[PDB]
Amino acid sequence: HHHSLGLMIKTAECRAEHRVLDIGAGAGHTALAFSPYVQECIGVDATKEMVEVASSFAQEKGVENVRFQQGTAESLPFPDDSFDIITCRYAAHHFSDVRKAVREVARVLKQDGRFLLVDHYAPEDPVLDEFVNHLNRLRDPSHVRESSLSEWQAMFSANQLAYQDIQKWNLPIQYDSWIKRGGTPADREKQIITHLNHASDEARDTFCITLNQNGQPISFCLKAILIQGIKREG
């Protein structure tokens, strides 16, 4: 996911004295990419296993200014106004309570600090919203919900973040590879195939659904965005 990462780095306007928090840090790629440009990166991930993976990956690359810990966005342990930049890349759809996550992000962000949020999102039309959320939940039972852009705008406003859409793009998904990386079993996959094959015309257009004549899916697109939040006042 080099495009989203490069976009975030570009948009962040990194300075050498900046402190960065990465929410849902995974194997540590986002934090490592920021590390040459800032003073310090802190990653939080929900699983102990990813915290250990990220830390050994930092060691293996010799970076000394990145640290990882276990935690969730819904309860960040950090003081108010402590980060210059907060990043969240393809993680929000896994939050158990996104409204509480944003409240926490806003709390720990410094005044005029930047929240850089990349995720795929639900179209405004509730039927397309539902189609894509169901598709992603079938493949990943960790999936909670991908919010609409309306919803993000309302959550930012609720927490005194200025909202800006930096870039929107279609995120192309190669079906065979997507199923393999999800480890989805045959019966779960059969449900995915039925879902894609029975898509409305509007869903087929919106999500760029490509199929074989025998109904075996080939590709589709998710709707991706980089949103920037800036902490202001109320």
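Residues carry their position along the shown sequence, with the first being 1.
Between the stretches 43-51 and 169-177, it is 43-51 that shows the larger average CA temperature factor.
Stretches compared: 68-76, 118-126. Higher mean C-alpha B-factor in the entry: 68-76. In the deposited coordinates, the residue among 110, 139, 89, 93 with the greatest CA B-factor is 139.
Looking at the C-alpha B-factors along this chain, the one for residue 208 belongs to the lowest third. Ranked against the other modelled residues of its chain, the C-alpha B-factor of residue 19 as given in the entry falls in the middle third. In this PDB entry, residue 11 carries a Cα temperature factor that places it within the middle third of its chain's modelled residues.
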